[PDB]
C-alpha cells in the first residue's frame, strides 16, 4: 500500500449512522448497543457482548438489509476489540475469543424476529474472526482502547441485497465499527 488503493463504493457503514443502529439482537440477553462518542464529539454506536460467565452462549447480531447496488463480491471491514480469555480471572473452559461473520442474500427486506433461522444453513458463514497482533487505537467516550481491524470478502452474491450477522459464543468483545463495500471497477 504505497500506491493509493482503488476507490471502494460503501454499501453500509455503521459509523455514519445518524440514528440508533436498530440491528436485530438474538437473544436480547447477548449483544447490546452501546454508544461511545469519538474524538470530534461524533458518537459511534457499537455492540458488545460479554457473557463469559453464562453457559451455551449463541448470540447473534444482524444488520439491516443492505442493497448490493451492482457488486458481485462484497468486502466487510470490522473493527473490534476482544478480551483475551487468559486475562479474565477464573475464566471458564468455555471462554472464546473469536466471533463468526455470516451473510444471507435476499431480494428484499424480508427478515423478521424469527426469519431467517438463526444458524449457519440458511446463513452462510464467511469466517471465524480473531484478534491479530496488529492493533490500532481509538477514542470512544473518555477512553482509548486497543482495536483490531479485519476484512473479509465473499461472493458471488446475486440477489438484490443481503444481511450480515455476527455471532458470539461465550467471549467478551466489542464490535466498534463495520463497513461494507465493494471495489469500484471500470470494465
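Positions refer to the first chain, counted from 1.
Trainee: Given the B-factors recorded for C-alpha atoms, which segment has the greater mean, 176 to 184 or 1 to 9?
Mentor: Here the higher of the two C-alpha B-factor means belongs to 1 to 9.
Trainee: Tell me which stretch has the larger mean Cα B-factor in this entry, 132 to 140 or 114 to 122.
Mentor: Stretch with the higher mean C-alpha B-factor: 132 to 140.
Trainee: Out of 33, 150, 38, 54, which residue has the highest Cα temperature factor in the PDB record?
Mentor: Comparing C-alpha B-factors across 33, 150, 38, 54, the maximum falls on 38.
Trainee: Just the C-alpha B-factor column, please: which of 158, 58, 46, 63 has the biggest number?
Mentor: Of 158, 58, 46, 63, 158 has the highest C-alpha B-factor.
Trainee: Which third of the chain does residue 79 land in by C-alpha B-factor: lowest, middle or highest?
Mentor: Bottom third by C-alpha B-factor.
Trainee: What third of the chain does residue 71 rank in for C-alpha temperature factor, lowest, middle or highest?
Mentor: It falls in the top third of the chain.
Trainee: Tell me, lowest, middle or highest third: where does the Cα B factor of residue 14 rank within its chain?
Mentor: Answer is middle: the recorded C-alpha B-factor places it there.
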